[PDB]
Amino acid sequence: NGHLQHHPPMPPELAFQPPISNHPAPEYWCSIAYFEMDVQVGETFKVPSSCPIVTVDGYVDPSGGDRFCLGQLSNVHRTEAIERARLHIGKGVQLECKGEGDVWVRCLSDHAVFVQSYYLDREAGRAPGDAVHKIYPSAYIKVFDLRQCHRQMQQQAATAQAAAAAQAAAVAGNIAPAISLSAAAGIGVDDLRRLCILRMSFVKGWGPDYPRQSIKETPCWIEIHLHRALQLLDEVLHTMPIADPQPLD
């Protein structure tokens, strides 16, 4: 039963709905970090908001800008296995930013790329993180929706702030001493941020059907942080009630 979702290639008025936020656009629309197993290789690559398309391939130009080459990168802990997989990255993939912050992926490599996206999990009726999406060579699909993300943010944020109030009353449960309770400032933070991050492995997938159980076990993957989505999540976090000390009495 499908943990591995296949995404083969399918050949082929934003003036009525305002921007999700009046907030000014970030200087970089995303930042990419390349990994080899559980070790990060190289520096984090920042893509300016002016460059709506960024390519990540196995070539060697270091010039940066709108192309992140992983071919010239060194790693003193690189194994023979990692060398083999680095052989097939080739043309790699393209990451394209549409609208205010939507992201599309185009696989230019001759080999498939495996992706982790909450958006693609929803579209598949799967639960968050309970699926690895395989994008086939030459395929071109949408992997992130800003609106979908924003709606999920507000939902999950509200949920957590309520569960905090729950635990707060579940223990105000004796009586009684002079004890004050307060909600941890930062609930669900590490859970909400995952909604603004994308991850993808080259050539090799992971999961049930595979010998690798997490992306951390794959030879070469990248983690993409979506800055616009992160600004919104920050905005959201700042619209919640301040953790005011509460006497349980």
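The term rigid core refers to the most C-alpha atoms you can superpose between the two forms while keeping them within 1.5 Å. Residue numbers here begin at 1 and follow the sequence given.
For 152-160 versus 139-147, the mean Cα distance to the shown form in 5 other deposited structures of this protein after rigid core alignment is larger for 152-160.
Between 204-212 and 29-37, greater CA displacement relative to the shown form is found for 204-212 when the structures in 5 other deposited structures of this protein are fitted on the core. In at least a third of the other PDB entries of this protein that model the residues around it, residue 182 has no coordinates. Judged by the one-third criterion across other entries of this protein, residue 173, though modelled here, is missing from at least a third of those that model both its neighbours. Gap check for residue 12 to residue 13: 10 or more deposited residues are absent from the model.
The entry models residue 175 and residue 176 with a gap of 4 to 9 deposited residues left without coordinates. Higher mean CA temperature factor, per the PDB entry, when comparing 122-130 with 71-79: 122-130. Stretches 24-32 and 39-47 differ in mean CA B factor, with 24-32 having the higher one. Highest C-alpha temperature factor among 139, 93, 163, 149 per the entry: 163. Ranked by C-alpha B-factor against the other modelled residues of its chain, residue 210 falls in the highest third. Ranked against the other modelled residues of its chain, the C-alpha B-factor of residue 153 as given in the entry falls in the middle third.
Sort the modelled residues of the chain by CA B factor and residue 107 lands in the lowest third. Sorting the modelled residues of the chain by their CA temperature factor places residue 62 in the middle third. When the modelled residues of the chain are ordered by their C-alpha B factor, residue 219 lands in the lowest third.
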